[PDB]
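Inspection log for the structure reproduced underneath, given as C-alpha cells.
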Amino acid sequence: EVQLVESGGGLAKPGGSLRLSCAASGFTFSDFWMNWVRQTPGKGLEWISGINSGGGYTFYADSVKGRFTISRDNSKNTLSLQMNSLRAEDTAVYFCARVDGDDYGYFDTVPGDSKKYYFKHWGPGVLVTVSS
Amino acid sequence: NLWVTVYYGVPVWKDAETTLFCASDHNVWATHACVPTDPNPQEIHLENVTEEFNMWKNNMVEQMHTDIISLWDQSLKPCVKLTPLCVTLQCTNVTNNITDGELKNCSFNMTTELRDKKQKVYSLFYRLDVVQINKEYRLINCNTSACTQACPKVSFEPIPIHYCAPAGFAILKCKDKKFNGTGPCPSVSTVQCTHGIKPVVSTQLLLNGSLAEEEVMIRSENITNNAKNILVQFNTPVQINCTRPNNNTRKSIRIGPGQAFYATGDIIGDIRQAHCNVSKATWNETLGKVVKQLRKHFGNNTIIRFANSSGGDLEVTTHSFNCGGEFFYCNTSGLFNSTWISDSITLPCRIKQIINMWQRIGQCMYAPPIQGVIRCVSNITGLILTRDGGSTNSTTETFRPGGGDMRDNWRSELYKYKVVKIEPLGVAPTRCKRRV
Amino acid sequence: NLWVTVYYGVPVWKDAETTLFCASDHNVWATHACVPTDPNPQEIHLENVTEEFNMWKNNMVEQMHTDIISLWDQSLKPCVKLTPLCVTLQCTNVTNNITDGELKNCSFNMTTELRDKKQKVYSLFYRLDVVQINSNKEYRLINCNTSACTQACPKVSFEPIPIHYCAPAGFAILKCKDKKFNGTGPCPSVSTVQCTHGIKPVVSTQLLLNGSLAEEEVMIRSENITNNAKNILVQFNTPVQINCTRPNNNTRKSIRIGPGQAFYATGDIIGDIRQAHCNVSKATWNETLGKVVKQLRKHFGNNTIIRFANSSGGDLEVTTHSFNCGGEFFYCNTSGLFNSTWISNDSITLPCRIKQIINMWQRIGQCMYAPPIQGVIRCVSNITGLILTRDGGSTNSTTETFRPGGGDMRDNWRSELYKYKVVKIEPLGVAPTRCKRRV
Amino acid sequence: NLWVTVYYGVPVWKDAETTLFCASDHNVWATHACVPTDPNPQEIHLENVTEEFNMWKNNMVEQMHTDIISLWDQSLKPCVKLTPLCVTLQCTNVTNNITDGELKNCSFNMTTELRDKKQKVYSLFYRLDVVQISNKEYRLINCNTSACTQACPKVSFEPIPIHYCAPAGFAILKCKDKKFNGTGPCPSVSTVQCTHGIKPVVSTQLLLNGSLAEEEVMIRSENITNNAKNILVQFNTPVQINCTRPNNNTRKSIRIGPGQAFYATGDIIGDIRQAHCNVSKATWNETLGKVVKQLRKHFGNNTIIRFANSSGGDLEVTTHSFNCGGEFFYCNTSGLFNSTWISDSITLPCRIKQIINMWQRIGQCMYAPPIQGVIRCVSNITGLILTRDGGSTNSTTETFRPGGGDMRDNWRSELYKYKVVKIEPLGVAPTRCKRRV
Amino acid sequence: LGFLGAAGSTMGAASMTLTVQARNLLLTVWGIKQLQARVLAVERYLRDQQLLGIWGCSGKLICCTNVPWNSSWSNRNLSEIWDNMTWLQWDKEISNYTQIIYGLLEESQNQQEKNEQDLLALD
Amino acid sequence: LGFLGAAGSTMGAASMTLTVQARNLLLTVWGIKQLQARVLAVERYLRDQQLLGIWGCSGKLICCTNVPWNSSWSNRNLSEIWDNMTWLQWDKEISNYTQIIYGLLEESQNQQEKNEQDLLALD
Amino acid sequence: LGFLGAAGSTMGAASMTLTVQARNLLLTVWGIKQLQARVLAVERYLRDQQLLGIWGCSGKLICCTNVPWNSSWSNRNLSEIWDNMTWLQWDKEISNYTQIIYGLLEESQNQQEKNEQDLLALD
Amino acid sequence: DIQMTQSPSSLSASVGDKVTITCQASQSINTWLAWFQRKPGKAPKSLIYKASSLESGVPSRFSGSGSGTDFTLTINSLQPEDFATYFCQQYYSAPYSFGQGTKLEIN
Ligand SMILES: *[C@@H]1O[C@H](CO)[C@@H](O[C@@H]2O[C@H](CO)[C@@H](O[C@@H]3O[C@H](CO[C@H]4O[C@H](CO)[C@@H](O)[C@H](O)[C@@H]4O)[C@@H](O)[C@H](O[C@H]4O[C@H](CO)[C@@H](O)[C@H](O)[C@@H]4O[C@H]4O[C@H](CO)[C@@H](O)[C@H](O)[C@@H]4O)[C@@H]3O)[C@H](O)[C@H]2NC(C)=O)[C@H](O)[C@H]1NC(C)=O
Ligand SMILES: *[C@@H]1O[C@H](CO)[C@@H](O)[C@H](O)[C@H]1NC(C)=O
Ligand SMILES: *[C@@H]1O[C@H](CO)[C@@H](O)[C@H](O)[C@H]1NC(C)=O
Ligand SMILES: *[C@@H]1O[C@H](CO)[C@@H](O)[C@H](O)[C@H]1NC(C)=O
Ligand SMILES: *[C@@H]1O[C@H](CO)[C@@H](O)[C@H](O)[C@H]1NC(C)=O
C-alpha cells in the first residue's frame with residue numbers, strides 16, 4: 001500500500017545545516033498535503049512543519065519558524081525539509097506524515113485548507129542528532 | 001382580326017427564390033415553431049410537361065444551410081456557457097483497465113456557487129480536445145473561443161422536417177426514377193411540402209438518407225473535374241452498428257450560481273475504444289454496384305481503386321457524425337481499401353467533446369457526456385467521393401472519401417425538388433372586341 | 001325557382017382564438033407601447049342575442065398570462081444582474097429595538113468598480129432571503145444555489161395601471177352584460193365591444209385586490225362544486241378595505257459593485273423596528289363572510305355547517321397573501337380571517353413578512369430581487385374576491401370546510417375576463433332567393 | 001344639375017409621418033441590410049407646384065438620428081467588451097522626445113486566456129482617458145459610469161453615402177429652388193423616390209464632406225432674433241482642411257480572454273509630436289468675408305460682426321471633432337474664430353482621445369483602438385454651426401461663437417431640401433354625370 | 001345600429017346594414033402582437049375578397065347567382081327564413097354544406113365567363 | 001409626364017395620369033421595421049379599395065355617382081374648376097366636407113344594391 | 001385535376017381550370033420567415049389584382065379587351081395557338097413583349113373611361 | 001496552543017485483559033481526534049478516526065469514545081500483537097498536538 005521512506009538524517013554540527021528527504025509511494029503525491037513531526041527522546045511528539053499539495057502555504061511551528069524550510073517536488077514525488085542553524089534539543093526521530101484525505105472539494109484560497117486533516121500514514125522515522 | 005385577352009390564373013411558373021417555411025408532425029431543431037404538417041400531403045402529377053432541374057444551382061440547399069446554422073446557434077443560447085472553464089489543467093494518463101492510451105484524467109480549480117470560494121475537481125477528458133501548454137494541459141478552445149455547453153434537456157435527434165413553399169409558389173418534384181441530377185425531367189409533380197428531410201450531419205457517408213428507386217445513382221456537376229465532389233446514392237442500405245461500451249458516468253459540477261458543468265466522472269468497467277461494424281458482404285456487393293455504375297461514365301476496361309482520405313483536419317479525414325448525443329469520428333480506411341479490375345469490418349472510432357460544427361471557428365461547442373453504453377444503428381445510403389487525376393488518366397482512377405461541406409450532404413435529399421413562382425397573369429389573342 | 005345568393009358582411013360569428021393587442025390611455029408591462037385607447041369606447045348592445053360563455057375554456061386568460069410573463073421578463077432584461085453578490089455573508093441579529101428576530105445584519109466583501117480590489121460593505125437582509133451554511137455566522141442567499149437573478153430597476157414602478165385588451169379587425173369581443181351569470185352558461189344579454197374594460201394586472205394570492213365588483217350580490221364560481229380539486233372563485237358586491245404597512249422606515253444605500261452597476265442595499269433602520277402588518281375591518285369582513293356563507297349554503301343546500309380554516313400548508317407563496325405595491329413584496333398570514341364557523345371599529349391585524357428575493361410565477365431558475373424603498377409604506381387597497389378550496393369532507397355531508405387556495409395565477413385574471421370572449425366574424429353567407437343573373 | 005364624381009389616383013398629397021427605408025450602393029454607418037440604390041433616380045419635376053417646406057419641424061432628421069443610433073449600438077455588439085480592463089493603472093509620463101507631455105505610459109495586470117493566470121502588460125493612454133485615484137495610481141475614464149466596448153476592427157468608420165427612400169404610398173419632395181433659407185414656400189419642387197447620397201458624417205462646430213450651396217453662402221436659423229437657437233451656415237465653395245498626427249502608433253494584441261483581444265497602444269517609433277490641423281488663411285478669410293456679407297443682410301448694415309471661440313463646457317462641444325481613419329480627434333478651433341469685421345496657413349492644435357461618448361449618452365462609452373501608420377485626413381469644410389451672443393442692443397456689435405449640443409443639426413444641413421408626404425389618391429368633384437338604374 | 005347590431009334581428013332586417021360590418025372587417029411584445037394581428041386581418045379580408053371575386057360578385061354586397069338551390073340542404077321556404085330567423089342559426093344549419101355550394105359557385109362562374117367570352121366572340 | 005407629374009396641371013389634364021398614380025401606390029429590428037412599412041402601405045391601399053368597394057365605384061378609376069352636389073360644398077362653375085384649378089387647391093378647399101360625401105355615397109350604393117336585387121328578383 | 005394539373009395540357013382546355021390556380025394564390029427562425037413570406041404573397045396577389053383593376057378586368061378570370069393584336073408578337077394561326085401549344089410555351093414566346101402589351105391595356109382602359117364619362121355627361 | 005494530556009503513561013496487563021487509555025484536551029475540540037499505534041521501531045498506524053469511527057481493516061476489538069475535552073480508547077481483549085505505544089492526536093484547530101505516549105507491557 002501507501003509507503004513513505006526517509007533519508008538524509010545523520011550527525012550535524014551545532015548551528016550548521018542539514019536536509020531531510022521523504023519519498024512517497026502508493027498514492028498520488030500531487031493531491032495530498034505533507035507534514036513533519038519530530039519526537040525528541042523522553043517526551044511526547046511535537047509537530048513542526050506542513051505544506052499543501054501544490055507546494056505553497058508553508059506553515060511551521062513557532063519553535064522552528066525561519067530556521068526550517070519545508071519543500072516538495074511533485075515531479076519526483078519527494079518531500080524535503082531543509083534545516084539551518086541547528087541546536088542541541090533538535091535531536092529527535094523525524095517522521096514524515098501524510099494527511100488523511102485529498103485536497104479535492106471546496107476551498108477558500110489553498111486546496112484542502114477548509115478541511116480537518118489527521119496524519120493517517122507515517123514514515124518509519126529517522127533519528128537526527130546535533131552534537132559536537 | 002385578333003384582339004388581346006387577359007387570362008388570370010393560368011398554370012404558368014417561372015424560376016425564383018423564396019423563403020420556404022418548415023413543417024413537422026426537446027430537440028435542437030425548433031418543433032413548436034414549425035407549423036403542423038398536413039396529414040394528407042397533396043401531390044399532383046403533371047403530364048406532358050418536362051421541367052429542367054439543377055441540383056447544384058438549387059437555392060433550397062443554401063436556405064436549409066442558413067436555417068440549420070441559425071437553429072443550431074439559437075439552440076445553445078438559453079443554457080450554460082463555459083467561459084470560466086479555461087484554467088490550467090493538471091492531467092495524467094488513465095491506466096485503469098485500458099487498451100487505448102488516449103483518455104486523460106485532469107484535475108483543476110473551479111468556481112462554486114459563491115464568488116469567494118473555489119473548488120478542486122477532476123474530469124476525464126479525451127486527448128483530442130486537450131493540448132499540452134508546456135504534466136500541464138489546457139483545452140484546445142481556450143486560444144480560439146469559449147465554448148457554450150450544450151443544453152442537456154435538448155436532444156440531437158434529427159427529426160424529419162418538411163419544407164413548404166408559401167402562397168403563390170409551388171414545389172416541383174421530379175419523379176423520374178433515373179434522375180441524373182440536372183437537366184430536363186420528363187415527369188414532374190406539384191407538392192405543397194417536401195418529404196421528410198432528416199437533417200443528419202455527417203461526412204464521407206450519408207447516414208439515414210433516402211435510397212434510390214432502381215439502382216445506384218452517381219451525380220456530379222462535372223465528371224471530368226477533379227475539384228467537384230461525386231455524390232453517390234445506394235439503392236439498398238448498408239447497415240452500420242456504432243457503439244461506445246465505456247458506460248461513462250456524469251457528474252454535475254457547480255461552475256457558478258445556477259449553472260452546472262457536466263463532467264465525465266469515472267469509467268466503470270473495462271475501457272474499450274469506440275467502433276463501428278459494417279458487414280463485409282453487403283459492403284462488397286455495394287462497392288461492386290458503385291464501381292459498375294462508375295464504369296458507365298468512365299468507360300470499360302479501366303481499373304478503379306478505392307483509397308482512404310489524402311489528409312487534412314479530423315473532420316474531413318474521418319467519418320464524423322452524431323450518435324446518441326456523442327459525436328463520433330470514425331476512421332473509414334478499412335472500407336475504402338480495394339481495387340477493381342475488368343464477417344464484419346470493424347472501423348476504429350474516436351470521440352471528441354469540444355467540436356466546431358459547420359466548419360466555422362470562434363463558435364465551438366462542448367457536448368456533455370451521456371451515461372450508459374451508447375449504441376446506434378444507421379443506414380449508409382450514400383457516399384461523397386473525390387477523384388484524383390493523372391497523366392492521360394493512366395488507365396486508372398482513384399476515389400477517396402470526400403469531406404465536403406454540409407451543403408453536399410443536404411443536397412442528396414433535395415435533388416428532386418425545386419421552387420417555382422406562379423405567374424397567373426397571361427395575355428393571348430382571341431377573336432372578341434369589348435363592348436363599349 | 002330558387003337560386004342561391006351570396007351575402008357579404010352578414011352578422012355571423014364563430015368561436016376562435018387570436019392575439020389581442022393592448023390599448024391604454026416606466027412600467028414592467030410597458031404600457032407606453034400600447035396604442036392610445038379612444039376616449040369613447042364603443043359598445044353596441046345585441047338584442048335577442050344569447051351566447052354561450054366559458055371562463056375556464058377561455059383563451060384570453062392563457063394569452064394574458066403568457067403576455068404578462070413575457071413583459072416581466074423583458075422588463076428585467078436591461079436591469080443590473082446580481083451574480084457577483086453570491087458570497088459568504090457574516091450575518092448577525094439586529095438586536096436594536098426589535099420585537100422579532102426576523103431581520104439580519106450581514107457583512108461581506110463585495111466587488112467594486114476596479115475588479116482588482118474588493119470593498120467591505122454591509123446590508124440588512126430578511127430571514128427569508130438568507131439561509132445558514134454553517135456571534136456572527138456564515139450565511140448565503142437562497143437563490144445562490146438555485147439561480148443568480150437580476151435586481152428590479154428602481155426607476156421602473158410596479159403600479160398595476162389598467163390595460164385594455166382589444167381584438168383586431170375581423171374579430172369581435174363579446175361582453176356578457178347579463179347579471180347573475182355564473183362561470184359557464186348561455187348569456188341572454190350580449191354586447192359587442194372593441195376593447196375590454198381596464199383590467200389591472202394585480203398580482204396577489206388567496207385574495208383578489210383592486211378587482212372588479214359584482215353587479216348585485218356575491219358570486220360563487222367553479223367548474224362544478226362536486227369536485228374538491230377545482231378552485232372556487234368568489235366575487236364581492238361590497239368590497240372590504242385593507243390597509244397594509246411597515247413602520248420600519250427603511251433606508252437605501254447605493255453600492256458601486258462594478259462599472260455602471262450598483263446594488264441598492266438596505267441601510268440601517270431609523271427609529272423603532274416594528275413588524276410589518278396589515279389591517280382589515282372586523283364588521284365589514286364579518287358581513288362579507290355572511291354573504292359568502294349565504295351563497296355557499298344556497299349552492300350546497302341549507303342546514304349545512306360551513307366552516308372556514310386557514311391554509312393547510314406548503315410553499316410560502318401559496319400559504320400567505322402575497323402583495324405587490326410600492327416595491328416591497330409582503331406575505332400576510334391570513335389565519336385571522338378564515339377562522340370562523342357558521343351554523344344554520346375593531347380591526348383584524350394580519351402579520352406580514354417582507355421578502356426581497358421572489359419566485360412569484362412559481363418558476364424555478366428565474367427570480368427577482370426587489371430593492372428597498374425610502375420612507376414608510378401605506379398601501380391602501382380593497383378586497384373584491386377570494387380563491388377558496390374545499391377539502392374532501394368525507395361522507396359527512398352535514399358540514400363543509402373551506403381554506404384559501406392558489407397554485408394557478410391565471411385564476412387571478414380569470415375573475416376579470418369572465419365577461420369577454422373573442423370570436424371570428426364570418427361575413428360570407430349563402431341563402432336562397434328567387435333572383436338570378438342576366439346574360 | 002351637379003353630381004359628385006369619385007376620382008381615384010388623384011395627384012394630391014399632404015404632410016404625414018412614415019418610416020423611410022435606407023438604400024445604398026464592414027461599415028458601421030451603413031450595413032448590407034440596406035437594399036441596393038436606384039441606378040437611375042426618377043427626378044420628376046413638378047411645374048406650377050408650390051409647397052411650404054420647413055427643415056426645423058421635419059421628422060426626417062429625428063428618424064435618421066434614431067437609425068444612426070441603432071446602427072452604432074448594433075455594430076459594437078458582435079465584438080469584445082472591455083469590462084475587465086477597469087483596474088488600477090501605474091502610469092508614468094512619457095519623456096522619450098516630447099513637447100506635449102499629454103501621453104501616459106500605464107502598466108497593469110491583465111487576465112490572460114486562462115482565468116487562473118495573470119499577465120503584466122503596458123499601454124499608452126492619453127491623459128484625457130485616465131484620472132488619478134496616490135499620484136502613481138490611475139484609473140481609466142468612464143470606469144465609474146459603464147464598461148466601454150472596444151470597436152470591432154473588421155468594421156470601418158468610413159461614411160459611405162446613404163440614400164433615404166420613402167415606402168409605397170408616400171413620396172419625397174425635393175426643393176430645387178436656389179437661395180432657399182430652409183422655411184417657406186418653394187417655387188421649384190420635384191418629386192424623387194430616393195434622396196441624394198447623404199454622407200453620415202459626425203462633426204462639431206464645423207460641417208465636413210457636406211453638400212455645397214448653389215450660388216452663395218446661406219444663413220439658416222429658426223429666427224435670428226433668438227439666441228437659444230443655433231445658426232446653420234452653408235458655404236458656396238469648400239474650405240480645404242488637412243489634419244494629421246505625425247505619430248504612428250504601434251498596435252499590441254493582448255489576449256484578455258478566450259477568443260477576445262485588446263488592441264493596446266505600443267511604443268511610438270521615432271519622436272513623438274502633437275496632432276494638428278491646417279486651413280489656408282486666404283480661403284478662410286474670404287469665406288469669413290462671405291459669411292459676414294450674408295449675415296449683414298439679416299442683421300442690417302453698419303454692424304460690427306465679431307467671431308470668438310467657444311464659451312465653455314465639456315470637450316465634446318468646446319472642440320471640433322472628426323471621425324476618419326479610426327482615431328477620434330478633438331481640435332481647438334480658436335485660431336479660426338479670432339477676428340472682427342468693421343463696416344500662410346492657420347495651424348489648429350488638436351488632441352486625440354480613445355474613450356468617447358459620441359452621442360453624448362451616459363453609460364454607452366466606446367474604446368477606439370489604435371491604428372498603424374501615419375494617418376492623413378484631407379477633407380473640406382462646407383458649413384458651420386454658430387451661436388449668437390448679445391443683449392438688448394446695448395452696442396452695435398454682435399459676437400458669434402461656434403456651437404453644438406445637438407448632433408441632429410449636422411444632418412439638418414443635408415435634409416433641408418427634402419420633405420416626405422403622403423399621397424391621397426381618393427378625390428371628389430362635381431360633374432354632369434349620373435348612374436343609370 | 002352599429003357593428004353587429006343586427007345580430008339578433010331577422011335576416012331581412014339585417015340585410016340593409018351589411019356595410020358597417022364590411023367597413024369594420026379591415027414594447028417588443030405588443031409590437032409583434034400588433035403586427036401579427038394586422039397581417040392576420042389583412043389575410044382574412046383578402047381571402048374573403050378573392051373568394052367573392054372568383055364567383056363573379058366582386059365589389060357587390062348582394063349578388064345573384066345561377067346555381068340552383070338544392071332542397072337537400074334545407075326543406076324550407078323563404079317565408080320562415082327571411083321573416084322568422086336570424087343569420088346565426090342559419091349558418092349553424094349550414095355548417096358543412098357551404099363547401100359544396102362554394103364549389104358549385106366556382107364552376108358556375110367559370111362556365112359563365114367562358115360562355116360570355118364565346119357569346120362576345122360570335123357577335 | 002411621369003409619376004405625380006400632373007400635380008400642377010389642371011384637372012382635365014391631371015385626370016390622364018390616374019393610372020400611373022394608382023399603380024405606384026404599391027437585423028431583426030430592421031426586418032420588423034420593413035415589414036411594418038410594407039403592411040402599412042398594404043393597409044392604406046386596401047382601405048382605399050374597400051372604400052371604393054362599398055361605394056358603387058369598385059374597379060373604376062373615374063366613377064360618377066347619383067348623389068347630388070349641394071351648393072353649400074361649392075357654388076363655383078365647372079369651367080373654372082376643371083380648366084382653371086388644380087386638384088391640390090381643390091383638396092384644400094373641401095378638405096372638411098369629404099366625410100359627408102363619403103357617408104352619402106355609402107347609403108346611395110346600399111340603396112342601389114337593394115333596388116337591383118328587387119328588380120332581378122321580380123323577373 | 002388539382003392545382004397546376006392542366007399545366008402540361010394545351011391552351012383553351014386549361015382555361016377551364018383557372019379557378020383552382022387562383023384560389024391557391026393566397027423559434028424566431030421559423031416565425032419571421034413565415035411572416036415575411038405571408039406578406040410577400042399578399043403584395044404579389046395585390047399587385048396582380050391592381051394590374052387587372054387598372055386594365056378594367058377586375059374580378060374577371062377571362063377578360064376580353066378592345067385592343068388590336070399585333071401580328072409581330074407571334075406569326076402563327078389562332079387554331080395552332082389554342083389546340084397544339086401550351087401556356088408555358090406561350091409565355092416563353094412573348095416573355096419580352098408583355099410590357100408593351102401591359103401599357104397598351106392601361107392606356108386603352110383610360111380611353112374607355114374618358115369615353116364613358118363623356119357619354120354619360122353629354123347625355 | 002491546545003495542549004493534550006494522556007493518562008496513564010504506562011500500563012501493564014495480561015493477554016486478553018481489557019485495557020482503557022484516556023486523554024483530555026486543554027480546550028474543547030468537539031470530536032476531531034484520532035488515535036494511533038506505534039510498534040517498537042515501526043511506523044505508527046491509525047486505529048480510530050473522528051474519535052468514534054473505526055478505521056477500515058483494523059480489528060473490531062479497538063473502540064473509541066468520548067467528546068468535548070475527554071476522550072478514551074478501549075481494548076476488549078489484549079492480543080499478543082497489541083503491545084505497543086499508543087497516541088491521541090487533536091486536529092480541531094492548528095497547530096496539531098499529540099499525547100505524551102503510553103506503552104503497554106505484558107504482565
Ligand atoms: C489551485 O490553485 C492553487 C493556488 O491557490 C494552485 O497551487 C499552485 O500551484 C502552482 C503549480 O501549479 C505552484 O507554482 C509553483 O510555485 C513555486 C513558487 O516557489 C514556492 O516554492 C519554493 C520552494 O518550495 C519556495 O522557495 C518559494 O518561496 C515558494 O513557496 C515555483 O517554484 C514552482 O516552479 C515550478 O514550476 C516551474 C515551471 O516553469 C519549473 O521551472 C520549476 O522547476 C518548478 O517545478 C518544480 O518545483 C517545485 C518546487 O520544487 C515542485 O513543487 C514542482 O512540482 C516541480 O518539481 C511553481 O511555479 C504554486 O506555488 C501553488 N500555489 C499554492 C498557494 O499552493 C493549484 O495548483 C491549483 N490546482 C490545480 C489542480 O492546478
Ligand atoms: C448527367 O450528369 C453528368 C454529370 O454527372 C453530365 O455530364 C451529363 O451531361 C448529364 N446528362 C444529362 C444532363 O442529360
Ligand atoms: C513610422 O513607422 C516607421 C516604421 O514603421 C518608421 O520608420 C517611422 O519613423 C515612423 N514615423 C515617424 C514619424 O517616426
Ligand atoms: C312554405 O311556407 C308556408 C308559409 O307560407 C309554410 O306554412 C309551409 O310549411 C312551407 N313549406 C315548405 C315546404 O317549406
Ligand atoms: C402651368 O401653367 C402654365 C401657364 O401658362 C400652363 O401653360 C401649363 O400648362 C401649366 N402646367 C405645366 C405642367 O406646366
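Each chain in the C-alpha cells gets a letter, A, B and so on, in the order shown; residues start at 1 in every chain, and ligands are counted from 1 in the order they appear.
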- request: Find the spatial neighbours of residue 67 in chain G, counting only C-alpha atoms, within a cut-off of 9 Å - ignore same-chain residues fewer than 6 positions away - and output them as an MDAnalysis selection string.
  value: (chainID B and resid 2:5 433:434) or (chainID G and resid 104:105 108)
With the cut-off set at 9 Å and counting only C-alpha atoms and all ligand atoms, tabulate each residue of chain D with an atom at most that distance from an atom of ligand 5, showing the nearest atom pair and its distance in Å to one decimal, ordered by chain and increasing number, as a tab-separated table.
residue	atom	partner	partner_atom_place_in_ligand_line	distance
D:46	CA	ligand 5	13 (C)	6.9
D:47	CA	ligand 5	13 (C)	4.8
D:48	CA	ligand 5	1 (C)	5.0
D:49	CA	ligand 5	1 (C)	8.6
Give me, as a Markdown table, the closest atom pair and its distance (Å, one decimal) for every residue of chain E within a cut-off of 8 Å of chain G, counting only C-alpha atoms, rows sorted by chain and rising number.
| residue | atom | partner | partner_atom | distance |
| --- | --- | --- | --- | --- |
| E:36 | CA | G:35 | CA | 7.8 |
| E:39 | CA | G:39 | CA | 7.3 |
| E:43 | CA | G:42 | CA | 7.2 |
| E:47 | CA | G:26 | CA | 6.8 |
| E:50 | CA | G:23 | CA | 7.4 |
| E:51 | CA | G:23 | CA | 7.4 |
| E:53 | CA | G:59 | CA | 4.8 |
| E:54 | CA | G:59 | CA | 6.7 |
| E:56 | CA | G:59 | CA | 6.3 |
| E:57 | CA | G:59 | CA | 7.6 |
| E:58 | CA | G:59 | CA | 5.5 |
| E:106 | CA | G:19 | CA | 7.1 |
| E:110 | CA | G:16 | CA | 6.8 |
| E:111 | CA | G:16 | CA | 7.6 |
| E:113 | CA | G:62 | CA | 6.3 |
| E:114 | CA | G:62 | CA | 7.0 |
| E:117 | CA | G:64 | CA | 7.1 |
Same residues, N, CA and C atoms, saved as an mmCIF file, in the first residue's frame:
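Final output, again_31.cif:
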data_model
loop_
_atom_site.group_PDB
_atom_site.id
_atom_site.type_symbol
_atom_site.label_atom_id
_atom_site.label_comp_id
_atom_site.auth_asym_id
_atom_site.auth_seq_id
_atom_site.Cartn_x
_atom_site.Cartn_y
_atom_site.Cartn_z
ATOM 1 N N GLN E 36 -48.621 41.030 -36.079
ATOM 2 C CA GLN E 36 -49.207 39.730 -36.394
ATOM 3 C C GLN E 36 -50.720 39.837 -36.555
ATOM 4 N N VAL E 39 -51.514 41.581 -39.891
ATOM 5 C CA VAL E 39 -51.274 40.677 -41.017
ATOM 6 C C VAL E 39 -52.397 39.652 -41.121
ATOM 7 N N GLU E 43 -54.925 39.208 -44.290
ATOM 8 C CA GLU E 43 -55.034 37.934 -44.998
ATOM 9 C C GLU E 43 -56.471 37.434 -45.031
ATOM 10 N N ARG E 47 -58.636 36.935 -48.408
ATOM 11 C CA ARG E 47 -59.150 35.581 -48.735
ATOM 12 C C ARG E 47 -60.639 35.705 -49.061
ATOM 13 N N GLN E 50 -61.022 37.506 -52.474
ATOM 14 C CA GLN E 50 -60.670 36.624 -53.582
ATOM 15 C C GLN E 50 -61.767 35.601 -53.819
ATOM 16 N N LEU E 51 -62.321 35.055 -52.729
ATOM 17 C CA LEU E 51 -63.400 34.083 -52.836
ATOM 18 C C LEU E 51 -64.614 34.719 -53.505
ATOM 19 N N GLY E 53 -64.444 37.305 -55.580
ATOM 20 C CA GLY E 53 -64.045 37.616 -56.944
ATOM 21 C C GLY E 53 -64.158 36.432 -57.882
ATOM 22 N N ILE E 54 -63.734 35.251 -57.422
ATOM 23 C CA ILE E 54 -63.808 34.049 -58.253
ATOM 24 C C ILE E 54 -65.240 33.584 -58.496
ATOM 25 N N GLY E 56 -67.681 35.956 -59.308
ATOM 26 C CA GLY E 56 -68.279 36.955 -60.166
ATOM 27 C C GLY E 56 -69.066 38.019 -59.441
ATOM 28 N N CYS E 57 -68.881 38.155 -58.128
ATOM 29 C CA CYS E 57 -69.590 39.142 -57.324
ATOM 30 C C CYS E 57 -68.638 40.149 -56.690
ATOM 31 N N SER E 58 -67.528 40.452 -57.363
ATOM 32 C CA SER E 58 -66.564 41.404 -56.830
ATOM 33 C C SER E 58 -67.172 42.800 -56.743
ATOM 34 N N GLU E 106 -68.105 28.312 -57.933
ATOM 35 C CA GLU E 106 -66.860 28.448 -58.684
ATOM 36 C C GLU E 106 -67.019 27.925 -60.107
ATOM 37 N N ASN E 110 -67.026 30.127 -63.648
ATOM 38 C CA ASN E 110 -66.066 29.829 -64.711
ATOM 39 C C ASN E 110 -66.782 29.507 -66.020
ATOM 40 N N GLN E 111 -67.832 28.678 -65.943
ATOM 41 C CA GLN E 111 -68.598 28.318 -67.131
ATOM 42 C C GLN E 111 -69.286 29.547 -67.718
ATOM 43 N N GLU E 113 -68.273 32.684 -67.426
ATOM 44 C CA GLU E 113 -67.242 33.540 -68.005
ATOM 45 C C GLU E 113 -66.865 33.052 -69.395
ATOM 46 N N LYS E 114 -66.675 31.731 -69.538
ATOM 47 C CA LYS E 114 -66.327 31.176 -70.844
ATOM 48 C C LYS E 114 -67.464 31.384 -71.836
ATOM 49 N N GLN E 117 -67.553 35.012 -72.934
ATOM 50 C CA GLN E 117 -66.473 35.274 -73.880
ATOM 51 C C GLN E 117 -66.835 34.732 -75.256
#
Can you pull out every residue from range 237-337 of chain B that DSSP, working from the backbone, puts in strand (DSSP E or B), and format the result as a tab-separated table (two decimals) with C-alpha atoms, in the first residue's frame?
chain	number	residue	atom	x	y	z
B	237	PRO	CA	-28.99	0.27	-47.37
B	238	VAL	CA	-25.70	-0.74	-45.78
B	239	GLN	CA	-26.44	-1.20	-42.09
B	240	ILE	CA	-23.82	0.20	-39.70
B	241	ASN	CA	-23.69	-0.53	-35.96
B	242	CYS	CA	-21.75	2.02	-33.91
B	243	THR	CA	-21.15	1.89	-30.18
B	244	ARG	CA	-19.35	3.22	-27.12
B	245	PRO	CA	-19.20	0.43	-24.50
B	246	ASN	CA	-17.37	2.63	-21.97
B	247	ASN	CA	-20.54	3.32	-19.85
B	248	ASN	CA	-19.49	6.82	-18.77
B	249	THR	CA	-20.64	8.44	-15.52
B	250	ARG	CA	-21.83	12.05	-15.47
B	251	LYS	CA	-21.12	14.38	-12.54
B	252	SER	CA	-22.61	17.86	-12.11
B	253	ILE	CA	-20.02	20.43	-11.01
B	254	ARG	CA	-21.48	23.72	-9.79
B	255	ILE	CA	-19.41	26.01	-12.04
B	256	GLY	CA	-21.42	29.05	-10.94
B	259	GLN	CA	-25.23	26.92	-13.82
B	260	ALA	CA	-23.62	23.48	-13.78
B	261	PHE	CA	-20.91	21.82	-15.86
B	262	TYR	CA	-21.46	18.15	-16.68
B	263	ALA	CA	-18.16	16.27	-16.44
B	264	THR	CA	-17.12	12.66	-17.04
B	265	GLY	CA	-16.80	11.23	-13.52
B	266	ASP	CA	-15.34	7.75	-13.98
B	267	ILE	CA	-15.46	4.89	-16.47
B	275	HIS	CA	-16.04	1.36	-33.12
B	276	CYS	CA	-18.49	0.75	-35.95
B	277	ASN	CA	-19.28	-2.58	-37.60
B	278	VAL	CA	-20.26	-2.98	-41.27
B	279	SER	CA	-20.96	-6.32	-42.96
B	303	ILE	CA	-9.24	-0.35	-63.02
B	304	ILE	CA	-10.91	1.67	-60.27
B	305	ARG	CA	-9.24	1.92	-56.87
B	306	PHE	CA	-10.71	2.97	-53.52
B	319	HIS	CA	-16.44	9.93	-40.90
B	320	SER	CA	-17.79	12.36	-38.33
B	321	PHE	CA	-21.39	12.03	-37.11
B	322	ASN	CA	-23.55	12.14	-34.01
B	323	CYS	CA	-24.79	9.00	-32.23
B	326	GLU	CA	-21.86	11.72	-28.54
B	327	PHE	CA	-20.00	13.00	-31.60
B	328	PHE	CA	-18.05	10.19	-33.26
B	329	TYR	CA	-15.11	10.49	-35.70
B	330	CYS	CA	-14.55	7.05	-37.23
